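Here is the structure we will look at, set down as structure tokens.
With ideal geometry, Cβ positions are generated from the backbone for all residues, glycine too; neighbour counts draw on all protein chains shown. Numbers and lists here come from the model and the stated rules, or from a named source; no laboratory read-out is quoted.
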Amino acid sequence: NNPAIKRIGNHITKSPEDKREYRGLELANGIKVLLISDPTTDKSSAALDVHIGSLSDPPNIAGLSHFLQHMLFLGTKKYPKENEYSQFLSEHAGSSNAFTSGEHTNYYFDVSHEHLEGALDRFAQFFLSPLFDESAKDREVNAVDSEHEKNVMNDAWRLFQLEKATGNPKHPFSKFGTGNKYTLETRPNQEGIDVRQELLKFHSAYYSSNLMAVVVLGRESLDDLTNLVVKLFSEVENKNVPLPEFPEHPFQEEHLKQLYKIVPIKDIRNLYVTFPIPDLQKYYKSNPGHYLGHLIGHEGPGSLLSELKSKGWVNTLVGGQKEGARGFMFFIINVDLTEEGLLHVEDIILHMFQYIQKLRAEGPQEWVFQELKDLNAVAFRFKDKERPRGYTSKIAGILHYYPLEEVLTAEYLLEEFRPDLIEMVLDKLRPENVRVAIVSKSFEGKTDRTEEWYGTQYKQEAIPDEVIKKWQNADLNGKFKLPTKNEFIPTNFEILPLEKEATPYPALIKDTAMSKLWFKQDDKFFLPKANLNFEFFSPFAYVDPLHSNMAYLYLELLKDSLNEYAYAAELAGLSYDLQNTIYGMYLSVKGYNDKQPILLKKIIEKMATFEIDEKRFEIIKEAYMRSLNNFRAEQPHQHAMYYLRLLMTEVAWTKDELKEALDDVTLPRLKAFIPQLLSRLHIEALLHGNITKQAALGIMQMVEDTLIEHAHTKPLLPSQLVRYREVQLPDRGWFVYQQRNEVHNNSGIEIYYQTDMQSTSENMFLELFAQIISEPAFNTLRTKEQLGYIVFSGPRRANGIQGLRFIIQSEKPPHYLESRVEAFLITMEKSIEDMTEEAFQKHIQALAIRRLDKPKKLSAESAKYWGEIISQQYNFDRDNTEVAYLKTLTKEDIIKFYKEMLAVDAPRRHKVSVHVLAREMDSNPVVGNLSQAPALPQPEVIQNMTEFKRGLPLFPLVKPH
Ligand SMILES: N=C(N)NCCC[C@H](NC(=O)[C@@H](CC(=O)NO)Cc1ccc2ccccc2c1)C(=O)NCC(=O)NCC(N)=O
């Protein structure tokens with residue numbers, strides 16, 4: 001029949017738990033398509049992935065295909081308004097994004113389900129007739145510059161591009177994918193290039209139907225989705241472009257047996273070991289590099305990390321196969337280094353080769369392959385249902401690699417045992433084929449090369465033949481054993497029947513001095529899993545900086561010592577999260593419920609009978625100090641957000657206070673602190689999953705009883721269950737706090753307009769206003785004025801209080817940023833005046849859909865409940881209630897809200913601004929074609945955070961529901 005469709009796939013294998021319906025197909029023009037039908041979904045979604053990317057940039061215009069990616073959002077022939085796509089998503093509860101990697105350009109969106117077609121029609125135009133408007137091109141190249149700029153001082157981006165700079169310079173692998181204003185405007189103008197033509201050429205040459213894959217997920221029937229896709233995409237034109245390939249490895253003989261010493265921005269010590277390998281992707285049914293990676297990166301007893309860590313050389317290890325492109329891959333073993341480790345690199349590498357030699361000695365092990373195959377089969381039977389935007393984007397990228405019928409399963413199911421491929425990859429991991437990189441500040445001033453894009457200081461040297469040889473002669477070492485059978489592999493999957501008195505919301509089913517237990521048997525997803533959440537309260541976790549430090553150090557010591565044993569639980573889908581909070585501790589255990597009370601008991605029992613190892617303590621202390629220091633290198637906006645948390649919360653210790661207090665933490669002081677920490681606690685828990693009320697009360701009591709037995713824990717007093725308050729700003733005040741980022745050459749600013757306490761009405765005024773401004777703020781402060789790449793607006797909530805915040809990071813100074821934000825607010829008040837009733841109801845409706853969007857997986861529903869509980873507002877039915885009220889609001893309500901709390905001459909404006917100056921600006925003059933900025937008041941400049949808090953009231957806390 002149908003001329004537009006080349007073929008329709010057979011049944012797409014799915015999990016028997018997956019209620020979604022599926023149909024793959026190839027259009028006549030060669031687009032591979034997956035259609036997904038989910039008649040329950042609140043948001044629909046599409047993605048498109050083009051098998052072209054950075055590796056195919058013209059050598060003379062680096063960043064082109066990334067730049068192209070930005071430009072597609074900026075208008076098409078059919079929809080020429082620059083921001084028609086974004087504004088349309090925004091008005092319909094949607095969102096979009098896109099990335100560029102060396103081989104792919106991947107675009108995706110989601111939207112309210114009622115508006116799939118609308119969104120999809122705008123979206124399809126990207127691939128048909130983008131405008132590449134000339135003035136948009138001139139504007140947007142700044143966003144790309146900014147994007148690169150945020151990366152320049154990031155250690156992972158520096159290392160990522162350094163590796164490319166050290167392979168064969170002629171290989172496409174050495175290209176600079178991001179681009180910047182120099183590569184995409186300046187050098188091009190100099191060399192007489194018309195970038196608008198170059199974008200049109202590149203779009204035209206590579207954006208061919210035969211290199212595309214599309215996924216669409218909506219409520220529509222499979223057939224309705226089919227007609228929609230055929231209608232919007234079969235006009236994409238087939239230019240029959242050959243898929244790029246890269247058979248020649250970027251690392252040839254000259255590039256092997258090399259050592260690189262590199263200077264980090266942060267104080268971090270790492271060792272990176274790499275081997276070039278062939279492309280293993282075609283072997284996906286057997287997956288030799290995953291097998292080798294599971295072994296070499298294992299963390300249990302017998303393992304490489306185990307030895308390295310006992311010797312006190314390393315704390316963490318990553319091992320396995322790394323993506324390259326079509327034609328080449330890499331195999332990596334990477335570790336972090338202790339101060340001792342750094343002096344023993346030759347030896348750490350030797351142990352790496354001994355462990356590899358052990359694998360050669362034992363040969364391939366079917367039983368290990370079996371274990372990996374079983375785990376993966378279980379991961380797949382019971383995978384959490386995904387959010388549509390990521391799912392589509394992810395599936396779009398893999399329609400390029402697997403038959404239609406296998407796209408769901410291809411990355412999970414294992415079929416073939418291949419001792420031959422396993423041997424073959426193992427014979428590549430040899431010292432003659434090795435590359436070695438060491439990162440340490442100790443190389444400060446001893447380097448002689450500079451990487452062009454990032455500025456990285458490094459030195460390159462042949463590894464001495466004597467060293468290659470000592471490595472080639474790696475002997476067996478008896479500290480290394482293959483792992484043994486994994487006892488945490490779950491086998492019990494029954495979904496307990498829903499109990500007669502089971503509730504829609506969690507229920508308070510235990511209310512004692514020691515503990516408060518919220519509980520909900522899962523009535524939605526029906527996977528054999530559960531989430532067990534615990535807040536442990538204790539005034540001794542945050543009483544001062546020394547205690548905060550200790551709470552941290554203790555819990556890190558605890559995790560380091562459970563690691564070897566927890567890691568099996570982790571391979572088996574049972575994981576845990578354990579950290580110190582400003583109120584005490586937080587513990588979360590999630591995964592397959594089968595073996596979960598076993599891991600829970602081991603954790604509480606380790607925690608309350610813990611014995612510290614002097615060697616591990618000194619190593620972790622030093623790491624903690626670096627981590628505290630390394631804050632100086634986070635980015636300006638992160639700094640701005642951080643200082644604002646310090647200014648506005650009643651109690652908060654600074655990184656400076658914590659560093660200072662850390663030299664005073666001693667083994668004996670820590671040994672004392674723990675029993676003290678645990679002597680009086682209150683526990684608030686949410687147990688949510690495949691479990692009964694009786695199992696839940698049981699698990700809770702098991703945690704209490706363990707602490708009672710081993711730490712003699714007694715209940716805390718209700719009065720000592722103290723939450724911190726937010727600083728209460730004065731009607732008409734404006735305060736400014738200013739600092740310098742010493743590393744990055746950009747500013748950051750956070751601006752907080754504080755409104756009032758959270759409550760149904762104040763929540764929906766703020767939230768509605770934020771919905772209405774959200775997209776325009778992006779479109780004004782970034783798309784048009786191009787202030788920076790990071791531009792953000794939205795509700796701030798803390799400590800029961802709220803307001804509107806702006807976060808921008810920019811080359812322009814903060815005083816200027818502030819002036820444009822104020823300009824924009826005026827604009828928004830006129831915009832709300834000029835807007836139709838219906839435009840207003842649309843915003844209501846879009847917020848409404850956002851707030852009502854149902855969780856698709858257990859842990860998302862747990863998150864919502866956990867939010868109600870740690871905030872102690874306990875408003876589990878908040879979404880229906882808040883929306884009921886929203887729907888009642890009017891244009892006049894929001895104008896009044898703005899005029900009272902937000903306008904520049906508002907009677908109750910409460911403003912605080914953090915300015916973070918870039919490395920090289922020296923004063924900040926704190927006050928200062930384009931919209932007119934109002935005149936601002938002289939701000940009170942904050943000199944001292946503590947004084948500032950002393951001199952202001954504190955808000956009440958929010959009464960519980
Ligand atoms: N609220 C609306 N309407 N805007 C949606 C924001 C999407 C934006 N995405 C992008 O900047 C790029 C993706 C990327 O950088 N690839 O290289 C894609 C893009 C997308 C939408 C466009 C919309 C109009 C004009 C040009 C656009 C170009 C984004 O993710 N920024 C990252 C962010 O969240 N910053 C915080 C940080 N990184 O810490």
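All of (1) farther than 25 Å from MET71 by Cβ; (2) within 16 Å of the ligand (Cβ to nearest atom) hold for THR166 with one exception: (2).
So which of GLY698, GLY748, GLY733 is crowded, with 21+ Cβ neighbours inside 10 Å and not hydrophobic (A, V, I, L, M, F, W, C)? Give the derivation first.
On the way: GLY698 fails: crowded, with 21+ Cβ neighbours inside 10 Å; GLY733 fails: crowded, with 21+ Cβ neighbours inside 10 Å.
Just a single option satisfies the conditions, and that option is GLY748.
Taking the numbered list (1) within 12 Å of the ligand (Cβ to nearest atom); (2) closer than 25 Å to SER234 by Cβ in turn, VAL33 passes all entries but (1). Within segment 61-81, can one find any residue that is surrounded by fewer than 18 Cβ atoms within 10 Å (Cβ to Cβ) and closer than 16 Å to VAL214 by Cβ? So far as segment 61-81 goes, no, none of its residues is surrounded by fewer than 18 Cβ atoms within 10 Å (Cβ to Cβ) and closer than 16 Å to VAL214 by Cβ. The residue list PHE735, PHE765, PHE769 contains one member that is among the hydrophobic types (A, V, I, L, M, F, W, C) and within 16 Å of the ligand (Cβ to nearest atom), which is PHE769.
For first residues located in segment 135-150 and assigned by CATH to the domain that holds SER810 and within 13 Å of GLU185 (Cα to Cα), partners that are in a helix (DSSP H, G or I) and within 8 Å of the ligand (Cβ to nearest atom) and lie 6+ apart or on another chain with Cβ distances below 7 Å do not occur.
Residues are listed down the side, and each one gets a yes or a no for (1) touching a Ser or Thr at 6+ places or on another chain (Cβ under 9 Å); (2) among the hydrophobic types (A, V, I, L, M, F, W, C); (3) over 14 Å from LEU766 (Cα atoms):
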{"position": "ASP834", "(1), (2), (3)": "no, no, yes"}
{"position": "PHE840", "(1), (2), (3)": "yes, yes, yes"}
{"position": "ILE849", "(1), (2), (3)": "yes, yes, yes"}
{"position": "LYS856", "(1), (2), (3)": "yes, no, yes"}
{"position": "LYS864", "(1), (2), (3)": "no, no, yes"}
{"position": "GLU868", "(1), (2), (3)": "no, no, yes"}
{"position": "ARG878", "(1), (2), (3)": "yes, no, yes"}
{"position": "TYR885", "(1), (2), (3)": "yes, no, no"}
{"position": "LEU902", "(1), (2), (3)": "yes, yes, no"}
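Within segment 304-333, the only residue that satisfies the criterion of being closer than 26 Å to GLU622 by Cα, in contact with a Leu (Cβ under 8 Å, 6 or more places away or on another chain) and surrounded by fewer than 21 Cβ atoms within 10 Å (Cβ to Cβ) is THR316. Looking only at segment 876-885, decide whether some residue is part of a loop (DSSP other than H, G, I, E, B) and either closer than 30 Å to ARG387 by Cβ or not charged (D, E, K, R) (or both). Checked against the condition, which is being part of a loop (DSSP other than H, G, I, E, B) and either closer than 30 Å to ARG387 by Cβ or not charged (D, E, K, R) (or both), segment 876-885 yields at least one hit. Selection of first residues in segment 774-793 that are assigned by CATH to the domain that holds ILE807 and within 10 Å of the ligand (Cβ to nearest atom) and of second residues that are outside any loop (DSSP other than H, G, I, E, B) and among the basic types (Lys, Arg), restricted to Cβ pairs under 6 Å at least 6 apart or on distinct chains, gives the following pairs, ordered by first then second residue: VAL791/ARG782. Every condition in (1) part of a helix (DSSP H, G or I); (2) under 30 Å from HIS639 (Cα atoms) holds for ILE894 except the one numbered (2). The single condition from (1) in contact with a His (Cβ under 7 Å, 6 or more places away or on another chain); (2) away from the ligand (no atom under 14 Å from the Cβ); (3) closer than 30 Å to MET71 by Cβ that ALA846 fails is (2). For segment 75-86, give me each residue that is in contact with a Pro (Cβ under 8 Å, 6 or more places away or on another chain) and either within 11 Å of the ligand (Cβ to nearest atom) or within 30 Å of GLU323 (Cα to Cα) (or both). Once the filter is applied, which keeps residues that are in contact with a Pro (Cβ under 8 Å, 6 or more places away or on another chain) and either within 11 Å of the ligand (Cβ to nearest atom) or within 30 Å of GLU323 (Cα to Cα) (or both), segment 75-86 yields only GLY75.
Within segment 765-824, being assigned to a loop (DSSP other than H, G, I, E, B) and surrounded by 22 or more Cβ atoms within 10 Å (Cβ to Cβ) holds for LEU787, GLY788. Within the set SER234, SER208, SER204, the sole residue that is in contact with a strand residue (DSSP E or B) (Cβ under 7 Å, 6 or more places away or on another chain) and among the hydroxyl-bearing types (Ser, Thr, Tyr) turns out to be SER234.
Out of all the residues in segment 293-305, is one or more of a type in the set (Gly, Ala, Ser), within 26 Å of the chain's Cα centre (by Cα) and at positive phi? Taking every residue of segment 293-305 in turn, none turns out to be of a type in the set (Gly, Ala, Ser), within 26 Å of the chain's Cα centre (by Cα) and at positive phi. Taking the criterion of being buried (at least 16 other Cβ atoms within 10 Å of the Cβ) and in a helix (DSSP H, G or I), the residues of segment 658-684 that qualify are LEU658, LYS659, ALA661, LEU662, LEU670, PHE673, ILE674, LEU677. Scanning segment 177-207 for residues that are surrounded by fewer than 20 Cβ atoms within 10 Å (Cβ to Cβ), more than 30 Å from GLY30 (Cβ to Cβ) and not charged (D, E, K, R) turns up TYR182, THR186, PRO188, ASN189, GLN190, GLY192, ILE193.
Candidates are the residues of segment 87-111 that are surrounded by 23 or more Cβ atoms within 10 Å (Cβ to Cβ) and small (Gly, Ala, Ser); the one that is nearest to the ligand (Cβ to nearest atom) is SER90. Of the residues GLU191, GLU220, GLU134, the single one that is within 16 Å of the ligand (Cβ to nearest atom) and either acidic (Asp, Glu) or under 24 Å from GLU323 (Cα atoms) (or both) is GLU134. Counting only strands (runs of 3 or more DSSP E) wholly contained in segment 191-304, the ones carrying 1 or more residues that are in the same structural domain as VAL33 (by CATH) occupy 212-218.
Pick from segment 578-635 the residues that are of a type in the set (S, T, N, Q) and part of a loop (DSSP other than H, G, I, E, B): which of them is farthest from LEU558 (Cα to Cα)? First the steps, then the outcome.
Within segment 578-635, the subset of a type in the set (S, T, N, Q) is 579-581, 588, 593, 596, 609, 627, 629-630, 635.
Add one more test, that the residue is part of a loop (DSSP other than H, G, I, E, B), and what stays is 593, 609, 635.
On the way: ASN593: 23, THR609: 10, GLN635: 30 Å.
Top of the filtered list is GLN635.
Could you list all residues from segment 114-142 that are surrounded by fewer than 18 Cβ atoms within 10 Å (Cβ to Cβ) and either of a type outside the set (S, T, N, Q) or under 24 Å from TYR182 (Cβ atoms) (or both)? Give the steps one after another, and end with the answer.
Within segment 114-142, the first condition is being surrounded by fewer than 18 Cβ atoms within 10 Å (Cβ to Cβ), and the residues that meet it are 114, 117-118, 121, 128-129, 133-135, 138-139.
Answer for segment 114-142, where residues must be surrounded by fewer than 18 Cβ atoms within 10 Å (Cβ to Cβ) and either of a type outside the set (S, T, N, Q) or under 24 Å from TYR182 (Cβ atoms) (or both): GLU114, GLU117, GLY118, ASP121, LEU128, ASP133, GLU134, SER135, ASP138, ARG139.
Looking at segment 314-322, is at least one residue part of a helix (DSSP H, G or I) and either more than 24 Å from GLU299 (Cα to Cα) or not aromatic (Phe, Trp, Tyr) (or both)? Scanning segment 314-322, I find no residue that is part of a helix (DSSP H, G or I) and either more than 24 Å from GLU299 (Cα to Cα) or not aromatic (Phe, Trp, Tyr) (or both), so the answer is no.
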